[PDB]
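Down below is the structure, laid out as structure tokens.
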Amino acid sequence: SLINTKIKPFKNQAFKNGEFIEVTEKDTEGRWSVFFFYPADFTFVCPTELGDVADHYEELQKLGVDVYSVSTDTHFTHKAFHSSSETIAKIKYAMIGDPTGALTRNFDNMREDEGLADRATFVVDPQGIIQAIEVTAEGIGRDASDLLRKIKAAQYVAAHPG
Amino acid sequence: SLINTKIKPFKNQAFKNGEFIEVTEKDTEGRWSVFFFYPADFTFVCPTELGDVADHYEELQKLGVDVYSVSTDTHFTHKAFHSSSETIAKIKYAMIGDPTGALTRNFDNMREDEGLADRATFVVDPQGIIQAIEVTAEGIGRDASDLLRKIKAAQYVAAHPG
Amino acid sequence: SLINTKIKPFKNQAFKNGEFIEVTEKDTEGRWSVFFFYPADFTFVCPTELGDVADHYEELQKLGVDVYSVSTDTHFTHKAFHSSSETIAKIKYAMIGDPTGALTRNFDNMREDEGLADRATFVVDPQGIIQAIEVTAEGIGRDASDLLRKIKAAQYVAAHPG
Amino acid sequence: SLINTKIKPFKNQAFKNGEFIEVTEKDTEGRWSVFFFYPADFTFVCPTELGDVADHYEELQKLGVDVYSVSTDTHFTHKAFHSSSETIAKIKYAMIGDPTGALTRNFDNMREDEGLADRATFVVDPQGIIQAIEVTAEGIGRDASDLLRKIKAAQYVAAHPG
Amino acid sequence: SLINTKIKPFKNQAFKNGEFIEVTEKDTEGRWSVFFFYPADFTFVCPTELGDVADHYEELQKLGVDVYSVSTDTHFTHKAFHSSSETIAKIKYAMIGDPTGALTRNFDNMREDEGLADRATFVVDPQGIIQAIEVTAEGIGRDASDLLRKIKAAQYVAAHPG
Amino acid sequence: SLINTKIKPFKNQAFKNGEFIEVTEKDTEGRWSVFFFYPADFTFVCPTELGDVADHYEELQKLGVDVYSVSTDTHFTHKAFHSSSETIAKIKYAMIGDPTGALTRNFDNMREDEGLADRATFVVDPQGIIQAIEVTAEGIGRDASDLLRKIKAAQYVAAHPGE
Amino acid sequence: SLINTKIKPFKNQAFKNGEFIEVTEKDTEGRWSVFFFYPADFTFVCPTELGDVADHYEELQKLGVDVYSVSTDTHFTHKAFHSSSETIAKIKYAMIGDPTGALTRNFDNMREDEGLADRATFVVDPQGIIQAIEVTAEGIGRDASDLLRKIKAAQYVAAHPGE
Amino acid sequence: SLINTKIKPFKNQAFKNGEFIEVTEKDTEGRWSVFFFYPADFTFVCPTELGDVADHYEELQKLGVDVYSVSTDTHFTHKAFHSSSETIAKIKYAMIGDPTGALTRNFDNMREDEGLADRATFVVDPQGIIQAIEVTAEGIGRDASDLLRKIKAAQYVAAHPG
Amino acid sequence: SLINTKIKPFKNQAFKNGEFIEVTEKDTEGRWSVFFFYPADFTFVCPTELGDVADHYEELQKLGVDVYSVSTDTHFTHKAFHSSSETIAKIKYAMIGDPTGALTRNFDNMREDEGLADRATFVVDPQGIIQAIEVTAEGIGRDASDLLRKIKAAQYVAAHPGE
Amino acid sequence: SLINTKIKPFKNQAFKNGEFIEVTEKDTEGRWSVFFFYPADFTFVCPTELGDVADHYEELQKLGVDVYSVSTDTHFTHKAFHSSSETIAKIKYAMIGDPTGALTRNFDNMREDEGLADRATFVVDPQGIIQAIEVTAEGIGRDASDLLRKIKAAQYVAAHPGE
Ligand SMILES: [K+]
Ligand SMILES: [K+]
Ligand SMILES: [K+]
Ligand SMILES: [K+]
Ligand SMILES: [K+]
Ligand SMILES: [K+]
Ligand SMILES: [K+]
Ligand SMILES: [K+]
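Residue numbers (the UniProt record's numbering), protein chains in the order written: chain L, 2 to 163; chain S, 2 to 163; chain F, 2 to 163; chain H, 2 to 163; chain U, 2 to 163; chain V, 2 to 164; chain Y, 2 to 164; chain A, 2 to 163; chain Z, 2 to 164; chain B, 2 to 164.
In structure tokens, the structure reads:
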């Protein structure tokens, strides 16, 4: 698995709070990052997973943990989605667009048959190291509370080596 | 270029008139087909390049021509789009979603560095042989008026050789 | 990721209830199997992870779920470990020894520079399709309760498609 | 396709207004250039596709656009041709001879099985970046009228971005 | 050299006495053939060489010897040339067009830099065997009388082996 | 065979008298080393081979010989075994853990289909040259005394060239 | 190592009891064989090893063990060697000549820079499986007694799986 | 063909006027050289070709033209042949022996299945550029007079470009 | 060396007593053949080697031995040489022309930088097996008598195995 | 063939006059050398060839020619062979042992399926250039007289270019 590997550089357009920004691997340096991949915007799956994460975003920011949602949709497309479903509107974190699929493949998370990302979550430490990975098949939901638990523990071991 | 080639096989999801269908190379069928590629849904140029084609779509069945718009967004993404712009609401032809980019690359029409299709239009005759090609950079619109041009008598030469 | 792939073949020896047995992919066919990897036996990191899973074993067996713990240690070491830690003594599921590291490499779960497996968990359905993956660096525990959640969830989707 | 690429270097002989010159990629110059490809000289469709372009040539310097017709015949062959058809006599732009087919293949525009160029027209801006492409099978003529189309404001977007 | 090798198959369009025909390698079977390559039609070199051959064409036909002029020009192009210079008008033999260069390269006679054939003459016997080759640089003329001399001698040895 | 070759570099974790150590080829320079391989800790075979070596360890240390027992188990596993067993508690020499098999593989001594080392012993001189190799299938024990003999000889020839 | 492997096929000439014979792998089947390699005949770096083995030879023989000495010399050289030394003269088991080095390479026991075999001993059971290997540098003698031991041990385990 | 290429390097022994000498490409530099290949010495085909060339030797020397006959025979055989046939005795030019066939293979003039040179003639200018090639099957003689014609012709063009 | 190998197939043109013949390996089957190589015809070295062979040819033909002289010249050239020379006019055996060098190259006997054969002689038995090879630099003549001796021996051993 | 080539470098052990020595290519420089290969010592397919060469040895010696016999046996085997046969006992030139077969392969003179050298003789001039080669199958003896002849002939041509 990619556990304990360094994420590789990337440059994508993303959507974060009414504006279009650019995220690259430098921006993740010095920070804790959570990459939340999902297959696609505007799908009939209830977006609860992206929103569930939104709910913990204030505590995540408080812990110095940044968040990035990712789909092979364009960033233009994330916006429409953010401003259309009330649940999706709770997102204040960056919503990265990866239409080239480059980011998704960097994390070896592509459903190569469908051109969409698998439902995977990655926890990356300040050094660019992947410290926790979770991937699930369509229908198996990710509970943001457990992600958070891993994250505090992850942060802890960096600080208390034993 | 692909002028005069037989189109290659494909299976993409698409949206047509309220709910979702499949398109394959055979659905093109013994008909004249128009593949109208465009970069992406929801961007800010309002694209009724697409809408003009829609306006002229009724007249496009004319001849037994199907019109297929194509972008690297998903079909989920195209509908959401048919519902946001009234100008886009005008579309009665198939909006094909090509998330894997395979359809786009079949027509050698991918902006590989962006993961989006280029502004290219293709005219395909009933045995699937491409009879006309037009490609432009963004900002240079395509007129359906004589996109309609001239399918022509492409018609004719094909039914009155020379 | 290995998501949605069918697991590969293996034949390994294991300690399960006081006895040495052999395990193969065939023993998993038709059942839900959970493959729980860990670095090594007799280490000083507490097997709270393994015992927690054992506590829920009564419960995994109800859903028709098999549990296989895996380390690059021998089944012999597993027999020994099962007799020294009271937390480990509780294990009623199979402890697979993968001294050749082949089973571990099957799930691409090897730390090659150490010769030990990563803290990885896999949920495999009766058709041998991996439906869930969870991997963590040491110090970042895997929550057994949450594991159970995913499995029940995995089971629904499987009996009630979308 | 070649949409948006930098043209590759070339040196071909050509005919212009009574006697023979050289064209290289640099003669394109900080100007808008039009490469008008056609199959061959002296065939029997009378081609004033070429002549229309000639008719509209005066207006084509307009903007500082050069017009270059291209076929796999030699420059010797193009002149003989300027002298046989009064309609062809109308041409004041460069008729490039491309016997080696290198110019044609630079624009990926060769009918490899015939050794003739396809009916393709290309618009190149002053730094040599292709901004527009149109290709058709024989029998489907190209209208200079809006070949002139729209060079456009290709002009504009380039001098008024977006 | 290609002396004593069998010519390889080909299919070109050619011009012979007011009409457009097709020549292939089958047509040369059972006959003596002379392939007279030249660089290009409508050049400022005096076409005396093609015409000089015309002068001996009646005797060549009388001896069962066919003739083929060849250039990378199209056959359309040979016509214009045949009906424009009084010297070129003497040709009653086929004037093959090889715009793909395939024939010329079959005889390894291409000026690869210029896309034109070298000034070479080939004598091919009824079995497809090359029996006499002559190639010269621009400006060195081929005297048809000597070609004829070689040809009778060539025909003779086939008949009188010694 | 590997006879008369220089041992290759290695870095392994090990157990030696209650503590974890690192062992590398550099740790062998200038000394006589015995690399004592065995399949695995905690198996059902009685460990007389390891123990027999321990019995002669004192005497080997006088001759300036280091002993490294080696299996593909981890050092963690050696810790456990060293406490749990009878005879192994007698072990005061280094127990090297080779989970990656590189040490074992260095000596061409891996049972690849098993992921375990063969029952093999090697005598290595101060320059890292292997002077004696002994390998046997299970049930055929290695005699520590014969090992010592060979070692004495190895040291002799080495200190008195050409006889 | 070649431990626990089946010997590869061979066809060699040999000196046996005043006579020249052919030996092949088919000739080892069903028997316990000891392949005793040595550098060369007529060295006189001590030929104690060949002679020592000769002394334990019928004890080896009616444990049902055959002994084959092997060097890269010819069988011709072996009879000659057998006729000059009272110690070598004592050898009554087969002395295989391996001029091509094929047997030696079979047991991967060749010193390539010298063109001679190493001081290696191999024990092969009736199934052609190598159960024991002993290799030493020149000067480090091989103990016949320890060989005998190993062979008996090998035979036991082989007839009594689980002790 | 080898037309217009610079000849390759060679060092061969030869018979020239009663003496054995060595010949290299350097001995040709700055001169017009004619390389006359033939199958073999002492054959029964009459060297009328060689003697005819000798008759014109007086004359080749006037134009500053060197003559080198070449066969895969040795210079030794050439000495012998020069003394047996009165027609051959006339040879005052160099008879190069190419026993290794390398010189012959340089001009790609070898009949590989026979180990002999083809009846080939080459005209090389002072800069080492081959300006004329004539090759024939046996029985088809090369005309020396015609050779001379080409050489004079070759010389003009060289002193009066186009 | 090519000693004890089967000659490879060949087809060459040749001169033999005024006529042109083809010679192939098939023409050698069942006979003893001597392939006598030399650099070239018409050179400045006196041809005693070819002539010496001719002198013994009669006698070789009684022993059932065929002689093929070989150079990379053509058969045409051999014709010439056979008439022009002294001693070569004495030649009644086949003079093979090898302009392509395949025969010469068959016997590994080509001076590649010269395009000529080395002064080499080969004795080949009825089964196409080379039994004797002799090669010398210029100035060191090959003695036909010694050739005969060798041939007699070759025939002997061949008709009376194992002495 | 290797005719007219320079010998490749070598370092071998040998038996010489009751003593063991080293011979290398540097030891042939400036002298005429005869490399006399033979299958093996102690065969007794006739050792006439080695003895015959010994008889012509000082005639060879004060033409300034050195003689080196070569077999794939060891030098050890050669002294032994030199002590048993009155005919071999007569050899006073160096007997090179080539256990590795390197010298033999240098002269491309090895019988690979047997591990022994062929009956080949080579003449090397002071510049290390092979001027003469003679190879024969077993049973076809090599004539010492003809060797001597060739050597004198070789030396002449070498000192008198053009005769
Ligand atoms: K996409
Ligand atoms: K292990
Ligand atoms: K052309
Ligand atoms: K010591
Ligand atoms: K040997
Ligand atoms: K030749
Ligand atoms: K006979
Ligand atoms: K030997």
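Beta carbons are placed, not taken as given, at the ideal position from N, Cα and C, and that holds for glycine.
Pair within 9 Å by beta-carbon distance, residue i and residue j
i	j	result
U:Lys-153	U:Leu-64	yes
Z:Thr-29	Z:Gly-129	yes
V:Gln-132	Y:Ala-138	yes
A:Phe-16	A:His-83	yes
L:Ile-89	F:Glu-135	no
H:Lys-7	H:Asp-56	no
F:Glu-50	F:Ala-118	no
S:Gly-163	H:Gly-140	yes
S:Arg-112	H:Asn-5	yes
Z:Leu-148	Z:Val-54	yes
V:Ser-85	F:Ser-86	no
Chain-ordered neighbours of residue i on chain F, where CB pairs are closer than 8 Å
i	result
V:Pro-100	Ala-41, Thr-73, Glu-115, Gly-116 and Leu-117
Under 8 Å from the C-beta of residue i: neighbouring residues of chain V
i	result
Y:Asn-13	Within 8 Å Cβ-Cβ: nothing; Y:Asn-13 doesn't reach chain V, min ~20 Å.
Residues that residue i contacts on chain Z, provided the C-beta gap is smaller than 7 Å
i	result
B:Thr-105	Under the 7 Å cutoff, chain Z gives no residues; its nearest Cβ is about 11 Å from B:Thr-105.
Closer than 8 Å at the beta carbon, the chain H residues around residue i
i	result
S:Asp-109	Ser-2
Per-residue contacts from residue i into chain H (C-beta, under 9 Å)
i	result
U:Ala-81	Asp-42, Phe-43, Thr-78, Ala-81, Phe-82 and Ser-85
Cross-chain neighbours of residue i in chain U, by beta carbon under 9 Å
i	result
A:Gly-142	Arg-150, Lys-151 and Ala-154
Contact list for residue i against chain U, beta-carbon separation under 8 Å
i	result
A:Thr-49	The premise fails here: A:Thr-49 is roughly 12 Å from chain U at the closest Cβ pair, so nothing lies under 8 Å.
Integer-rounded CB distance, given that residue j should sit under 8 Å from residue i
i	j	result
V:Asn-110	V:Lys-9	That pair is no contact at about 12 Å.
Proximal residues of chain A, C-beta to C-beta of residue i below 8 Å
i	result
U:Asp-147	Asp-144 and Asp-147
Contacts of residue i in chain B (Cβ-Cβ under 9 Å)
i	result
Z:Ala-133	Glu-135, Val-136, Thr-137, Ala-138 and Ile-141
Under 9 Å by beta carbon: chain S residues contacting residue i
i	result
H:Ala-121	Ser-2, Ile-4 and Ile-134
Contact between the region 113-126 of chain V and the region 28-36 of chain V (3+ Cβ pairs under 8 Å): yes
Touch test, the region 64-83 of chain S against the region 37-50 of chain S, Cβ-Cβ under 8 Å, three pairs minimum: A contact between stretches requires three or more CB pairs, one per stretch, nearer than 8 Å, and the region 64-83 of chain S meets this requirement with the region 37-50 of chain S.
At least three beta-carbon pairs within less than 8 Å, the region 89-103 of chain L to the region 96-109 of chain F: no
Contact between the region 101-117 of chain A and the region 48-66 of chain A (3+ Cβ pairs under 8 Å): no
Inter-stretch contact at 8 Å, needing at least 3 Cβ pairs: the region 76-94 of chain B / the region 41-55 of chain B: yes
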